[PDB]
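Novice: Build me a model:
(4 chains)
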Number of protein chains: 4
Amino acid sequence: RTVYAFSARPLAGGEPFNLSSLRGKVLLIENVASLXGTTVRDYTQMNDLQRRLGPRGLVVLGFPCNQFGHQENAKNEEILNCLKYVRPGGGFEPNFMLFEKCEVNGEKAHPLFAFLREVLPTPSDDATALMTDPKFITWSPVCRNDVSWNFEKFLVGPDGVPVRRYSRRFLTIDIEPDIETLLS
Amino acid sequence: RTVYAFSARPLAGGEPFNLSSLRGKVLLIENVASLXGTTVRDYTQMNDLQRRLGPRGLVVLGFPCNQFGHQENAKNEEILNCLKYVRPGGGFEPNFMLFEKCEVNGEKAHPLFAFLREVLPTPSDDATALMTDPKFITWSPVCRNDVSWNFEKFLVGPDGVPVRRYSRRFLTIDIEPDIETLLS
Amino acid sequence: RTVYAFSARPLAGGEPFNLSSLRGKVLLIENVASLXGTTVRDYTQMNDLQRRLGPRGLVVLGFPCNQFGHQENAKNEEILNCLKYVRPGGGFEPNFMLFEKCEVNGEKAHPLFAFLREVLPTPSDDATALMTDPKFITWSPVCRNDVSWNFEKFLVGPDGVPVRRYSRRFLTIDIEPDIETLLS
Amino acid sequence: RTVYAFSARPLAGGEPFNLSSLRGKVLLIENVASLXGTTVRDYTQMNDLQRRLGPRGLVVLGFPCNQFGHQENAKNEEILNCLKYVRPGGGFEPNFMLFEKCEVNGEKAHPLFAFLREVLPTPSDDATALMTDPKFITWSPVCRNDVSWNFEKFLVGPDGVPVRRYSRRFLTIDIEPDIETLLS
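Specialist: Residues are numbered from 1 along each chain as shown, chains lettered A, B, ... in the order given. Below is the structure in question.
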């Protein structure tokens, strides 16, 4: 089983992009939010990765999600303006694909994220922490493989097959060595 | 007891503003958030009241709060950027005072808000509703007089004594007759 | 993995019976209720099986459960009187072990039932029906392997290992041929 | 309009009993269930009122209903068996009339109950509560005057006109002063 079964709508406006278009690419999927504490670090790093490694086969995929401290409250139409004007601000524009706002955990989760969580049930660098304060767990049902926060990272190989999952605490730029490995 | 006992720091950068300055003014106090469903409507109608009734003694005061579905996630520094370029966007600017972000409910509430809730314990148009879904109550302790949501309104007389409180659902513009009655 | 890991409290009064006592026996576990439509049929049949096949190695285990149309509403102390005086009535007494009232589905389910449902995820005779009227699904979370109603049947071999699951519609007496097979 | 327009079948075996017989009587009508938390308390205090105030013109009428957490799952034939040997048990017998099991809410409600709820639309001691958990509302349609739970009480005057309605929480014995007032 691969990611190629799935599709998502581009942020910019509907007309469903099928992940089977990206066959033979190395994918770096993140769930993103515009008003997180690691917003700037991960968006800056994802643009850097995309710019440098894109021509060698890397594609970075961003999926906005409001589940985690509601850090993506805006509408689909307002998300680019947050990024640009508020945070990271300064004229920022993602150089990579963003999709419509969807859920990653719970009964309404996007089937791409239900898959990624099934095939890679814990992050490689932090097998056990789920959430420190329960009050943030607002979706149902709650599963052992759930995404913990904004900016979890999932690395998919050139054959569609999910390779590793990194926590909210793992830096986007430190995924580079594993990416090079799949690129080679 | 009046509001003139209290002070707040302005959004832009503190130097604590005493509310005792506003003697002789009619005050319209709201707790605000940039990413709410009634953001465009309340901010528009506050701007409108401030412009039209300002010259005759109305002062509108806006207090950013992240307690209600976390609809003010940005820092004090990014808030005007939210309003101008995201929502309402289009170059929107508040024509009235905004103070730093603070809590209105629970043990760390700003003392102005602990005050207001003490002397006007339920909103004049909805005495009973507190919250439909308990998942949003994340503050402690929970008191019967607590503020339900973004954009509750408090009307204060020109002697600094709180007159009336209005719920999350009461239109800002519909308080205009009550302001008239005090303004007169 | 076997049933021997588990224990339950006897209906009659606490002092936890460990299923590892029954090692080398063939177990027929049912979830039971006293005011079901198949109450009489399954209780009569379970006593017959127990009486006839008990001396050859069969043990019938009954677990009262209120999850299904709340058909076991009484307290643990009142269950024997229902059976005896109401339904099946007539002086009826189960000849086999009953345990305290517990849940079979949802987050509070007895770990024995979470296991049985995991290792045998659908009934052998009805792979797909869960519930006809959703209004009866009152537990959370809802899982694909859930027990549908009162009187599901689980057959465990002489080595602890769960062998087959029969639906609410399968007669207790028609499990006899499979039982003989494990007994031999 | 009075109760004398209506009839019901007795628990034991129908021959429809006209309520117009009870002219000159004060009536205490309850919707009952054998397996509720207030079963022992209401049935005791109904027995008590019937015995003591019967000779002076009180008639207590009990209507079995399975609409509220299904606390009357038995058939009309087993109900007295429930009361006598399970709960309250100990040989308990109602000293007053019981009618067959019927619904009190929704499109198939008994007409006596559709009547009662029409002319006494909220319980005199709790006008607002309907149900804390919506999972228990399984009837259709749902009306503002619906009966909340097992053991609501209706007091009817000796002219067959309904006087007052009391909630699930109002003690049966505490209606004694109101019965006195009508009895006089």
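Novice: Which elements pack onto the helix or strand residue A:61 falls within?
Specialist: Assigned by DSSP states H and E, residue A:61 belongs to strand A:58-64. Contacts defined by 3 or more C-beta pairs under 8 Å, 6 or more residues apart in numbering or on different chains; DSSP states H and E place strand A:58-64 against strand A:26-32, helix A:39-53, strand A:97-98. For the C-beta atoms, the positions are set from N, CA and C on the backbone; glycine is no exception.
Novice: Stretch A:53-63: which residues count as buried?
Specialist: Residues A:53, A:57, A:58, A:59, A:60, A:61, A:62, A:63 are the ones in stretch A:53-63 that count as buried (16 or more other C-beta atoms under 10 Å in any protein chain shown).
Novice: in the sheet, who's paired with the nearest residue to residue A:166 once chain neighbours are set aside?
Specialist: Spatial nearest neighbour of residue A:166, excluding adjacent residues (C-beta to C-beta, 6 or more residues apart in numbering or on different chains): residue A:153 at 4.1 Å. Beta bridges link residue A:153 to residue A:30, residue A:166 when assigned by DSSP bridges.
Novice: Doesn't residue A:34 lie inside a strand?
Specialist: No. Residue A:34: not assigned to a strand; according to DSSP: H, G, I helix; E, B strand; the rest coil it is coil.
Novice: How about it: what's its closest non-neighbour residue?
Specialist: Excluding the flanking residues, the one nearest residue A:34 by C-beta to C-beta, 6+ apart is residue A:82, at 4.1 Å.
Novice: do residue A:2 as well
Specialist: Sequence neighbours aside, residue A:160 is the residue nearest to residue A:2 in space, at 2.5 Å (criterion: C-beta to C-beta, 6+ apart).
Novice: Tell me the spacing between the one you found and chain B.
Specialist: 35 Å (C-beta to the nearest C-beta, to the nearest Å).
Novice: Was I right to think that residue contacts residue A:3?
Specialist: Yes. Here residue A:160 reaches residue A:3: they are 5.3 Å apart, a contact under C-beta atoms under 8 Å.
Novice: of the two, who's got more company?
Specialist: Comparing residue A:160 with residue A:3 by other C-beta atoms under 10 Å in any protein chain shown, the one with more neighbours is residue A:3, at 23 against 19.
Novice: shouldn't the more buried one be in contact with residue A:163?
Specialist: No. Proximity of residue A:3 to residue A:163 does not meet the contact threshold set by C-beta under 8 Å, at 11.0 Å.
Novice: okay, and the common contacts of these two?
Specialist: In terms of C-beta atoms under 8 Å, 6 or more residues apart in numbering or on different chains, residue A:3 and residue A:163 are both contacted by the residues residue A:156.
Novice: does any bit of stretch A:70-77 sit next to chain B?
Specialist: Yes. Using C-beta under 8 Å from any C-beta of the partner chain, we find that stretch A:70-77 touches chain B at A:70, A:71, A:73, A:74.
Novice: which one among those gets closest to residue B:91?
Specialist: For the residues of stretch A:70-77 next to chain B, the minimum distance to residue B:91 (C-beta to C-beta) is 17.3 Å, reached by residue A:74.
Novice: burial of the closest one, as a residue count?
Specialist: Residue A:74 sits with 23 neighbouring residues when counted by other C-beta under 10 Å.
Novice: give me every residue that touches it.
Specialist: Residue A:74 is in contact with A:34, A:81, A:82, B:35, B:86, B:87, counting by C-beta under 8 Å, 6+ apart.
Novice: So the third one lies in a helix, does it not?
Specialist: Yes. Per three-state DSSP, residue A:82 lies within a helix segment.
Novice: roughly how far is stretch A:54-67 from the heart of the chain?
Specialist: In terms of C-alpha atoms, centre = their mean, to the nearest Å, the centre of stretch A:54-67 is set 6 Å apart from its chain centre.
Novice: Would you mind measuring from residue A:77 to chain C?
Specialist: The value you get for residue A:77 to chain C, if C-beta to the nearest C-beta is used, is 34 Å.
Novice: no wait, residue A:155
Specialist: 29 Å.
Novice: Repeat that for residue A:168.
Specialist: Taking C-beta to the nearest C-beta as the measure, residue A:168 falls 24 Å from chain C.
Novice: Burial check on the residue lying closest to that residue once chain neighbours are set aside, number of neighbours?
Specialist: In this structure, residue A:168 finds its nearest non-sequential neighbour in residue A:149, 4.1 Å apart by C-beta to C-beta, 6+ apart. Residue A:149 has 23 neighbouring residues, counting by other C-beta under 10 Å.
Novice: Double-check that residue A:149 belongs to a helix.
Specialist: No. Counting by three-state DSSP, residue A:149 is located in no helix; its state is coil.
Novice: Ramachandran angles for residue A:20?
Specialist: For residue A:20, the backbone dihedrals (degrees, to the nearest 10) come out as phi -60, psi -20.
Novice: how about the residue lying closest to it once chain neighbours are set aside, secondary structure?
Specialist: Once flanking residues are discounted, residue A:20 sits nearest to residue A:4: 4.1 Å by C-beta to C-beta, 6+ apart. At residue A:4, secondary structure determined by three-state DSSP is helix.
Novice: so which of the buried residues of stretch A:53-63 comes closest to chain D?
Specialist: Taking C-beta to the nearest C-beta as the measure, chain D lies nearest residue A:63 of these, at 32.9 Å.
Novice: Could I get the contacting residues of that closest one?
Specialist: By C-beta under 8 Å, 6+ apart, the contact list for residue A:63 reads A:8, A:29, A:30, A:31, A:32, A:98, A:99, A:102, A:104, A:110, A:112, A:113.
Novice: Save these as TSV, and put in neighbour count too.
Specialist: Formatted as TSV, those follow (neighbours: other C-beta atoms under 10 Å in any protein chain shown):
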residue	neighbour count
A:8	19
A:29	24
A:30	24
A:31	26
A:32	27
A:98	20
A:99	22
A:102	19
A:104	23
A:110	19
A:112	21
A:113	23
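Novice: wait, what's in contact with residue A:100?
Specialist: Counting by C-beta under 8 Å, 6+ apart, the residues that residue A:100 touches are A:8, A:9, A:10, A:11, A:14, A:64, A:76.
Novice: what's the answer for residue A:150, then?
Specialist: Contacts here follow C-beta under 8 Å, 6+ apart; on that basis residue A:150 touches A:31, A:32, A:33, A:36, A:38, A:39, A:65, A:68, A:69, A:71, A:72, A:168.
Novice: please redo it, this time with the cut-off set to 7 Å
Specialist: A:31, A:32, A:33, A:36, A:65, A:68, A:71, A:168 (C-beta atoms under 7 Å, 6 or more residues apart in numbering or on different chains).
Novice: how much space is there between it and residue A:71?
Specialist: 6 Å (C-beta to C-beta, to the nearest Å).
Novice: wait, doesn't residue A:138 sit right on residue B:135?
Specialist: Yes. Using C-beta atoms under 7 Å, residue A:138 makes contact with residue B:135 at a distance of 5.6 Å.
Novice: More neighbours: the two, which one.
Specialist: Set side by side, residue A:138 and residue B:135 give different neighbour counts by other C-beta under 10 Å, the larger being at residue A:138 (18 against 11).
Novice: Name the nearest residue to the residue of chain A found nearest chain C, sequence neighbours excluded.
Specialist: Distances between chain A and chain C by C-beta to the nearest C-beta are smallest at residue A:141, namely 3.4 Å. Excluding its sequence neighbours, the residue lying closest to residue A:141 (C-beta to C-beta, 6+ apart) is residue C:141, at 3.4 Å.
Novice: Contact partners for the residue positioned nearest the centre of chain A?
Specialist: By C-alpha atoms, centre = their mean, chain A has its centre lying nearest to residue A:30, at 1.3 Å. Going by C-beta under 7 Å, 6+ apart, residue A:30 touches A:42, A:46, A:62, A:63, A:151, A:152, A:153.
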